[PDB]
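Participant:
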Amino acid sequence: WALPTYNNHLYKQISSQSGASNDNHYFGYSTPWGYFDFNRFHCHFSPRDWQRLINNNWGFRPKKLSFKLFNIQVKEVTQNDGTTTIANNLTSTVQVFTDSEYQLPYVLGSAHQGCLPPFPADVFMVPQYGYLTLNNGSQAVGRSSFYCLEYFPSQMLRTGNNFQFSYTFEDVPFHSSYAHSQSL
Amino acid sequence: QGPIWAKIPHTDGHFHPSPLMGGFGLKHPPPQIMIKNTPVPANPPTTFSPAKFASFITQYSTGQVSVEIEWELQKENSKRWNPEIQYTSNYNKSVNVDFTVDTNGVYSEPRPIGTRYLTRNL
Amino acid sequence: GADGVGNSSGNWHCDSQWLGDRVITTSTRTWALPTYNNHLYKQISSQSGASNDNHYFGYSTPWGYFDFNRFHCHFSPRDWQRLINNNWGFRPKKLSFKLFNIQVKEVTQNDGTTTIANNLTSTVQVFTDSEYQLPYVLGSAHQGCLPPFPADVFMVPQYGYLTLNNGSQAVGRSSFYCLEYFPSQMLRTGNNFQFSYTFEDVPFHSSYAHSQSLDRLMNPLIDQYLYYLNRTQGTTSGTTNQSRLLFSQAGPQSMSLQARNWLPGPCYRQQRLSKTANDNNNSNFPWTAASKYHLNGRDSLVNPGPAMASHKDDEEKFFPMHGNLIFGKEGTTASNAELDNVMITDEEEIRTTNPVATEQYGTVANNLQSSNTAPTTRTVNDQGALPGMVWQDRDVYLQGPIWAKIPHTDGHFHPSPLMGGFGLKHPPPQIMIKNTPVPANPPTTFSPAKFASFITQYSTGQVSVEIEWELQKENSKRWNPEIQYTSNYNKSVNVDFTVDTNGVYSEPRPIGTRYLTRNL
Amino acid sequence: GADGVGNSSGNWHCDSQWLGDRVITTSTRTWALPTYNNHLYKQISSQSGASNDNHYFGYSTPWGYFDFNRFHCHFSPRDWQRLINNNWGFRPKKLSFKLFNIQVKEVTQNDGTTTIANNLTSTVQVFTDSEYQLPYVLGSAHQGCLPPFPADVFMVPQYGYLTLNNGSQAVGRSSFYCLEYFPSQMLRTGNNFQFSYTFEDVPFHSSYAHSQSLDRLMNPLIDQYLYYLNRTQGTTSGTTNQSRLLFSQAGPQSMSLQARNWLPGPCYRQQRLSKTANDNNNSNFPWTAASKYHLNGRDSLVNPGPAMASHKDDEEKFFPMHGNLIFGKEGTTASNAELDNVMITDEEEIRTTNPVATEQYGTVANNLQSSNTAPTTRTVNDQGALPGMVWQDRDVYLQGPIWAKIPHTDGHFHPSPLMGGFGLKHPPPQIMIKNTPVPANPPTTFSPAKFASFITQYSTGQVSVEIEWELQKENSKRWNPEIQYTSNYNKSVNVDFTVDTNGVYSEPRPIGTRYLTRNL
Amino acid sequence: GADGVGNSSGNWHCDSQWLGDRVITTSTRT
Ligand SMILES: Nc1ncnc2c1ncn2[C@H]1C[C@H](O)[C@@H](COP(=O)(O)O)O1
Ligand SMILES: Nc1ncnc2c1ncn2[C@H]1C[C@H](O)[C@@H](COP(=O)(O)O)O1
Ligand SMILES: Nc1ncnc2c1ncn2[C@H]1C[C@H](O)[C@@H](COP(=O)(O)O)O1
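Chains as they are written, first to last, in PDB author numbering: chain A, 247 to 430; chain B, 615 to 736; chain C, 217 to 736; chain D, 217 to 736; chain E, 217 to 246.
1) Could you spell out the range, first to last residue, of the alpha helix (DSSP H) harbouring residue 296/A?
2) Using C-beta distances below 8 Å, list every residue in its chain close to residue 542/C, excluding the 5 sequence neighbours before and after it, in chain order.
3) Using the three-state DSSP reduction, which class does residue 398/A fall into: helix, strand or coil?
4) If you measure from the beta carbon of residue 236/E to each beta carbon in chain C, is any gap under 8 Å?
5) Between residue 367/A and residue 630/C, what straight-line distance do the alpha-carbon atoms span, to the nearest angstrom?
6) Smallest Cα separation from residue 394/A: which of 255/A, 248/A, 324/A and 249/A?
7) Roughly how many angstroms separate the alpha carbons of residue 452/C and residue 493/D, rounded to a whole number?
8) Is the Cβ-Cβ distance between residue 568/D and residue 607/D less than 8 Å?
9) Taking residue 661/B as part of the beta strand (DSSP E), name the residues at either end of that continuous run.
10) Going along chain C in order, which residues have a C-beta closer than 9 Å to the C-beta of residue 220/E?
11) For residue 507/D, count the other beta carbons within 10 Å of its own beta carbon; 16 or more makes it buried, fewer makes it exposed. Which is it?
12) Between residue 425/C and residue 389/D, which are expected to be in contact by the criterion C-beta below 8 Å, what is the C-beta distance as a whole number of angstroms?
13) Look at the alpha carbon of residue 290/D and the alpha carbon of residue 705/D, and state the distance between them as a whole number of angstroms.
14) Let's see if you can read the secondary structure: which residues bound the beta strand (DSSP E) around residue 637/C?
15) Is residue 759/C helix, strand or coil when you go by DSSP?
16) Between residue 539/C and the rest of its own chain, which residues show a CB-CB distance below 6 Å, the 5 nearest in sequence each way excluded?
17) Using Cβ-Cβ distances below 9 Å, what residues of the region 357-387 of chain A are close to chain D?
18) What does residue 672/B reach in chain A if we use C-beta pairs closer than 8 Å?
19) Does at least one heavy atom of ligand 4 sit under 7 Å from the Cβ of residue 638/C?
20) Please list, in chain order, the chain A residues whose beta carbon lies closer than 9 Å to that of residue 634/B.
21) Taking the alpha-carbon of residue 305/D as reference, which of 460/D, 551/D, 634/D and 612/D has the nearest alpha-carbon?
22) Taking buried to mean at least 16 other C-beta atoms within 10 Å of its own C-beta, is residue 460/D buried or exposed?
23) Is the region 272-288 of chain A touching the region 373-380 of chain A, taking contact as three or more C-beta pairs under 8 Å?
24) Compare the C-beta of residue 402/D against all C-beta atoms of chain A and say whether one is closer than 8 Å.
25) Out of 622/D, 231/D, 605/D and 474/D, which one is the CA nearest neighbour of residue 295/D?
26) Buried or exposed: residue 588/D, going by 16 or more other Cβ atoms within 10 Å of its Cβ?
27) Cβ atoms of residue 615/C and residue 723/C: under 8 Å apart, would you say?
28) Which residues in the same chain as residue 632/B place their Cβ atom closer than 6 Å to its Cβ, once the five residues preceding and following it in sequence are excluded?
29) So, is the C-beta of residue 272/D closer than 8 Å to a C-beta in chain B?
30) Kindly list, in the order they appear in chain C, the residues whose Cβ is closer than 8 Å to that of residue 393/D.
31) Cβ of residue 641/C within 8 Å of Cβ of residue 416/C?
32) Taking 7 Å as the cut-off, is the C-beta of residue 429/A nearer than that to any heavy atom in ligand 3?
33) In terms of alpha-carbon separation, which member of 478/C, 480/C and 501/C lies closest to residue 489/C?
34) Report the rounded CA-to-CA distance for residue 353/C versus residue 288/C, giving the unit in angstroms.
35) Suppose you measure from the CA of residue 253/A to the CA of residue 662/B; what does that come to, to the nearest Å?
36) Report yes if the C-beta distance between residue 685/C and residue 246/C is below 8 Å; otherwise report no.
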């Protein structure tokens with residue numbers, strides 16, 4: 247994965263174009279933060295595997311999860327003349343954390359882009375984080391919420407540091423990997 | 615290539631909390647993992663300026679990410695006598711191979727793959 | 217096992233369940249047994265001058281026998297699909313045989329009506345050739361196996377064997393076998409028969425197809441470090457340039473010239489046939505132009521020969537003259553049936569290890585080329601065995617043979633039954649069965665003459681057969697989906713592998729086994 | 217193994233010492249690894265109508281791999297001499313593989329000058345195909361092995377494989393393999409890679425030549441007690457003497473008529489070639505007149521065939537049309553190089569067990585001779601396998617292949633790699649290696665498009681390979697000295713197996729293995 | 217359960233009685 251510097255390290259207020267559209271009016275914010283997504287099946291199942299699953303099982307479901315970030319490299323670039331040199335910044339850090347209390351607006355499960363490449367050899371760019379609040383047209387209300395991600399405890403990592411995380415899914419019914427041989 | 619799960623909105627009421635796009639609806643889904651490069655200030659003035667700091671060193675980050683998921687399976691138990699329909703590739707002499715990279719290395723998924731191939735009774 | 221009249225001597229066990237590492241199939245059927253040969257051993261032989269390559273000599277016994285050397289005896293279609301689509305291979309392990317719920321019925325033709333009644337005191341005789349002292353008549357694709365469909369009742373086959381013969385006559389070293397000279401268990405109604413068998417170590421079958429080819433085995437990107445000679449004369453063909461010896465280093469380019477490590481399997485060329493009855497020669501050549509062998513001045517048709525592929529790429533219409541196994545559709549004359557009435561088997565998965573049946577084998581030199589002599593090439597149509605050769609064996613089909621006894625000789629080569637399946641030194645033994653003769657009214661005066669007046673009667677009961685199968689699990693890092701067997705989801709007339717309007721089970725197509733792919 | 221930047225992750229172990237019963241060779245070399253395919257998996261196939269017997273389909277991976285399937289990777293010339301001149305045979309036993317002292321360099325073309333700098337935080341990925349789930353691309357005599365000379369640095373070969381194909385197109389059963397779908401160890405500078413392997417039971421190689429001949433096996437002094445027929449007509453040819461049946465008892469005199477117990481090995485006649493470019497036919501016949509085979513309607517050249525002798529006595533100039541392995545001298549075009557630029561291998565030690573490659577095999581009868589019919593003789597140019605046949609296998613040379621994976625099929629015959637060496641069901645696994653992709657400057661705006669902007673960089677480090685060899689000791693009661701390999705004591709230009717004026721190592725001649733003699 | 221020809225393999229249980237908290241119905245038919 248690769249991660250740029252979004253919003254130029256700035257939190258920016260975003261909203262709808264002054265009279266561009268009505269049913270598309272919205273209000274929210276844009277953060278300098280990226281995020282990881284793997285809410286697609288092809289992130290985990292190779293085609294062949296999907297075939298094994300599909301052709302043999304009445305159903306299935308998730309159980310556990312282990313997340314790991316590692317082999318981190320921070321690169322700083324300079325446009326001196328007409329050529330870009332890229333070099334190592336060894337003393338530079340990166341910040342990670344997980345919304346485990348669900349205090350941040352859940353922006354996943356909306357079929358957005360930026361998930362893990364179906365093909366393992368493919369490198370991907372990490373999506374930028376943005377959220378929507380409550381709005382009256384292009385304007386906002388008083389009960390609108392502003393969320394700063396710097397106000398969350400986060401682990402800072404240098405090169406050679408890493409990030410660990412484990413999660414356990416809840417009791418959720420098996421999916422229907424079957425079709426009824428009878429009719430209502 | 616579809617969605618897997620979706621957070622169930624924290625409201626007073628739900629009906630059938632299955633995500634409408636399909637998949638698993640969770641009260642408490644896999645949490646969001648935030649990541650960002652820490653700001654690195656560039657050359658500061660020998661004189662003290664209160665103004666917001668805006669001069670930064672441009673830089674990006676790269677690394678690996680790993681994700682391990684355990685899946686519970688519900689096994690097939692049918693007394694159907696005749697063979698059921700299965701997903702399969704075309705044995706036919708073909709151009710490119712399904713779910714593969716091409717002449718200039720670009721992975722491509724030919725068709726959307728369902729899940730309902732085996733048959734159960736009502 | 218000994219019980220009463222009004223008490224069943226067994227239950228109906230017809231099921232199958234999987235253990236991920238093995239599968240157990242249990243199969244029960246109802247059987248009926250007549251009185252063969254009228255309780256007589258009869259000498260049989262060939263018609264006085266009817267045919268020559270079909271001359272034979274042997275005997276006919278009053279004994280029946282049980283057969284289940286067909287796969288569909290054990291695997292339902294659905295099961296066969298589970299096996300086929302998931303396993304690198306498989307093999308037999310154990311066996312349990314059971315006869316029970318026996319009923320002996322005697323019939324009488326009084327006037328013009330046949331009454332059938334119970335003979336409770338009548339018996340039946342069973343035994344098993346466990347020392348293999350009787351001629352093994354199984355594994356010859358005969359009929360009389362267990363019905364593919366469990367609901368179908370079947371008739372038990374009669375036992376007969378062949379000996380050594382000189383034409384229609386016999387030799388001095390010919391063997392006569394009496395089955396009454398074997399200890400056998402006699403059963404009344406409420407008695408039953410038990411038997412257990414353990415298969416020997418026999419290699420897993422190939423439930424796979426190679427994803428590579430014997431010739432496409434190397435690295436497409438790198439050149440070899442070995443050199444070959446590719447130019448004998450062709451040079452800078454201008455002035456004073458007759459001939460020269462030039463050598464090229466193997467490249468991905470010279471892909472069929474590179475040094476090799478292995479050979480394809482053996483071959484015995486078959487004649488090529490087309491399904492379109494007009495591509496062929498307007499002659500009748502299924503005998504005069506087909507491949508065959510001869511023992512003791514007797515021509516025998518080499519029906520299924522060594523494992524060779526049926527057709528080359530972009531054809532699929534040309535099948536070897538009997539170079540493969542053929543199954544007859546449900547309801548089809550045993551005598552000259554149409555091509556639309558039979559099912560021919562395609563062996564196109566072994567294209568990568570084996571030569572094509574109809575095509576040549578290769579090219580051999582047969583002269584000493586020089587400036588005086590032009591180099592001669594001879595097409596090889598027949599190839600014995602060679603160090604370095606590798607091959608695959610014939611497939612097995614849902615309705616194909618399972619095993620075959622390996623002949624007790626001084627020598628064998630690759631003891632795999634040519635019709636396919638598992639070759640066993642000591643296969644599941646033969647289970648003989650016959651109704652005990654019941655004499656009719658005897659004379660008040662003593663007659664020495666052979667007794668010939670018997671009460672006509674047949675028997676019926678259930679038979680159960682339980683086999684344990686070891687599975688070889690699939691372990692592939694293939695990224696893309698593999699080809700699987702499946703039914704047509706299309707709106708269809710009748711359902712595949714089913715009974716019809718008037719209750720008749722029918723198998724639509726022959727089912728192979730090689731759907732999953734493994735590398736060489 | 218985990219250490220720091222300024223601390224080496226291993227040492228230089230390049231040595232060999234003998235234990236009289238075994239020998240341990242250790243070999244270390246420096247290696248360099250580029251970025252193949254630009255970090256991309258590319259589908260490759262044959263040129264749209266370029267060639268037919270060379271049609272192929274497969275893929276190209278960004279992965280490199282390690283190879284040491286050459287003998288000179290382990291044995292210095294001097295060592296090979298010690299082995300060759302003293303041992304009835306030998307074989308592999310154990311193996312230790314090590315990667316270390318890794319350095320990742322990234323390069324930049326700024327203006328017209330390339331600066332190369334350290335990327336300390338960059339990684340590299342290694343793993344081993346120990347379950348043999350990847351197509352085995354070794355044992356095909358490819359290039360990119362470890363340099364014969366320890367001082368030579370080498371480039372690591374790129375990985376590519378071939379699948380199943382119908383012409384330039386592919387089939388449905390074709391397999392795509394992603395190497396990113398394998399668990400692999402990632403290494404930074406100061407990390408290292410460890411691996412150990414144990415060879416299977418594989419027969420000792422023949423480091424000997426038979427001192428007897430299949431036909432000169434009996435007692436020269438005594439006559440047999442068996443009789444043969446040597447006269448059919450020739451009698452006291454005077455009066456009334458047309459024909460008669462006469463039998464002679466075998467004698468040392470009738471030495472090639474005596475009853476025999478064994479046969480020579482199998483054969484597949486090759487075309488005969490002369491090194492003098494004027495004894496040959498003035499035609500270009502390296503393809504139309506050479507021996508070959510065909511799988512799936514695709515002709516493939518039978519380069520090294522069964523082990524057959526290269527020439528008969530008193531010749532040494534006639535070599536089989538590619539009937540043996542050929543090595544290219546140092547510095548010689550991969551395209552049509554002169555005969556004075558290659559090294560051809562003579563297989564003249566197996567003259568005693570094997571037929572000559574260029575000559576016939578023997579003589580077979582093919583008629584029923586009588587007074588009416590004259591007896592016909594047919595020259596056999598191709599011989600399968602026969603009970604009683606014995607043979608020797610191809611030699612191995614200092615720069616030859618060592619082992620080869622035995623294809624996972626239903627059948628094999630004599631699983632010895634045809635190019636020579638040790639055939640293994642489970643050979644030393646493939647060791648994959650590749651530089652981890654390092655993305656360049658990303659856009660401040662989110663782009664879903666495939667990432668294509670990468671930092672160019674290559675890797676370098678050392679590799680070590682330790683193999684243990686079991687020796688079969690010489691036990692001969694031969695009185696007279698045997699032939700040994702030796703260097704020319706003569707005043708010479710350059711020294712054999714050495715670097716030259718401008719530092720370039722060169723191997724003068726191919727070295728066989730059969731110098732010592734054993735009896736049949 | 218295994219008996220003989222001239223021996224019934226069961227009896228006629230057709231009754232019902234109440235337990236104030238539950239009721240048991242037994243029913244037999246030919
Ligand atoms: N994806 C998913 N998640 C959770 N529950 C599901 C899902 N799909 C179906 N259901 C059913 C299962 C329970 O019987 C019911 C609980 O509703 P409640 O509103 O919780 O009482 O909803
Ligand atoms: N169906 C079957 N049964 C037994 N052996 C088989 C079969 N198919 C292949 N083979 C191989 C396995 C052994 O390596 C070899 C034994 O031959 P032998 O002649 O026993 O030394 O034959
Ligand atoms: N290089 C190599 N590897 C393995 N076996 C070899 C080799 N060379 C000769 N042989 C012989 C040794 C065994 O007797 C036989 C096993 O064949 P099988 O087909 O395994 O029953 O093959």
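Using N, Cα and C, we set each Cβ at its ideal position, and we do this for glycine too.
Facilitator: In brief:
1) Here residue 296/A is taken as the residue at index 50 of the first sequence, counted from 1. Annotation for residue 296/A: the continuous alpha helix (DSSP H) segment containing it runs 293-300.
2) Position 326 of the third sequence holds residue 542/C. Taken in chain order, the residues that qualify are 558, 559, 560 and 561.
3) Position 152 of the first sequence, counting from 1, holds the residue named residue 398/A. Reduced to three states, the DSSP call for residue 398/A is coil.
4) In the fifth sequence, the residue the question calls residue 236/E occupies position 20. By the rule that beta-carbons nearer than 8 Å mark a contact, residue 236/E does not touch chain C.
5) On the first sequence, residue 367/A is found 121 positions in, with the first residue counted as 1. On the third sequence, residue 630/C is found 414 positions in, with the first residue counted as 1. Each residue's alpha carbon lies about 45 Å from the other.
6) Locating residue 394/A in the first sequence gives position 148, counting from the first residue. That would be 255/A, whose Cα lies nearest to the Cα of residue 394/A.
7) In the third sequence, the residue the question calls residue 452/C occupies position 236. In the fourth sequence, the residue the question calls residue 493/D occupies position 277. Rounded to the nearest angstrom, the two C-alpha atoms are 15 Å apart.
8) On the fourth sequence, position 352 is the one that residue 568/D refers to. On the fourth sequence, position 391 is the one that residue 607/D refers to. No; because the gap between Cβ atoms is not below 8 Å, this pair is not in contact.
9) Taking the second sequence and counting its residues from 1, the one referred to as residue 661/B is at position 47. Taken as a continuous stretch (DSSP letters only), residue 661/B belongs to no beta strand (DSSP E), as it is neither H nor E.
10) Position 4 of the fifth sequence, counting from 1, holds the residue named residue 220/E. Chain-ordered, the chain C residues with CB closer than 9 Å to the CB of residue 220/E read 220, 221, 222 and 223.
11) Here the question's residue 507/D lines up with position 291 in the fourth sequence. Counting C-beta atoms within 10 angstroms of its own C-beta, residue 507/D has 16 or more neighbours from the protein chains shown and is therefore classed as buried.
12) On the third sequence, residue 425/C is found 209 positions in, with the first residue counted as 1. On the fourth sequence, residue 389/D is found 173 positions in, with the first residue counted as 1. 6 Å between Cβ atoms; contact.
13) The count along the fourth sequence starts at 1 and reaches residue 290/D at position 74. The count along the fourth sequence starts at 1 and reaches residue 705/D at position 489. Those two C-alpha atoms are separated by around 26 Å.
14) Locating residue 637/C in the third sequence gives position 421, where the first residue counts as 1. First-last for residue 637/C: undefined, no H or E at that position.
15) The shown model of chain C, from 217 to 736, leaves out residue 759/C, and the question about it has no answer.
16) Your numbering for residue 539/C matches position 323 in the third sequence. 486 and 573.
17) For the region 357-387 of chain A, which is checked against every Cβ of chain D, the residues closer than 9 Å are 359, 360, 363, 365, 366, 367, 368, 369, 370, 371, 372, 373 and 374.
18) As a first step, residue 672/B is located in the second sequence; it is residue number 58 there, counting from the start. Listed along the chain, the chain A residues whose CB falls inside 8 Å of the CB of residue 672/B are 251, 322, 323 and 324.
19) The model depicted lacks ligand 4 and carries ligand 1, ligand 2 and ligand 3 instead.
20) As a first step, residue 634/B is located in the second sequence; it is residue number 20 there, counting from the start. Under the 9 Å cutoff, chain A gives no residues; its nearest Cβ is about 11 Å from residue 634/B.
21) Residue mapping note: residue 305/D aligns to position 89 of the fourth sequence, counting from 1. Of 460/D, 551/D, 634/D and 612/D, the residue nearest in Cα terms is 612/D.
22) As a working note, residue 460/D is residue 244 in the fourth sequence. Exposed, by the Cβ-count rule.
23) The region 272-288 of chain A is in contact with the region 373-380 of chain A.
24) Stepping through the fourth sequence from its first residue, residue 402/D is reached at position 186. Yes, contact with chain A.
25) What you label residue 295/D is simply residue 79 of the fourth sequence in a count that begins at 1. Relative to the Cα of residue 295/D, the nearest Cα in the group 622/D, 231/D, 605/D and 474/D belongs to 231/D.
26) Taking the first residue of the fourth sequence as 1, we reach residue 588/D at position 372. Exposed, because fewer than 16 other Cβ atoms sit within 10 Å of the Cβ of residue 588/D.
27) Start at 1 with the first residue of the third sequence, and residue 723/C comes out as number 507. Start at 1 with the first residue of the third sequence, and residue 615/C comes out as number 399. The answer is yes: Cβ separation under 8 Å.
28) As a working mapping, residue 632/B is identified with position 18 in the second sequence. Contacts found: 639.
29) Taking the first residue of the fourth sequence as 1, we reach residue 272/D at position 56. No, its Cβ sits nowhere closer than 8 Å to a Cβ of chain B.
30) Translated into positions along the fourth sequence, residue 393/D becomes position 177. Correct list: 693, 694 and 695.
31) In the third sequence, residue 641/C corresponds to position 425, counting from 1. In the third sequence, residue 416/C corresponds to position 200, counting from 1. It is a contact, given that the beta carbons lie within the stated cut-off.
32) Against the first sequence, residue 429/A aligns to sequence position 183. Flag unset: Cβ of residue 429/A not near ligand 3.
33) To locate residue 489/C, count along the third sequence from 1; it is residue 273. Closest by alpha carbon: 501/C.
34) Numbered from its first residue, the third sequence carries residue 353/C at position 137. Numbered from its first residue, the third sequence carries residue 288/C at position 72. If you draw a straight line from the Cα of residue 353/C to the Cα of residue 288/C, it comes to about 20 Å.
35) In the first sequence, the residue the question calls residue 253/A occupies position 7. In the second sequence, the residue the question calls residue 662/B occupies position 48. If I take the Cα positions, the gap works out to 26 Å.
36) Here residue 685/C refers to the residue found at position 469 when the third sequence is read from its first residue. Here residue 246/C refers to the residue found at position 30 when the third sequence is read from its first residue. Cβ atoms of residue 685/C and residue 246/C: not closer than 8 Å.
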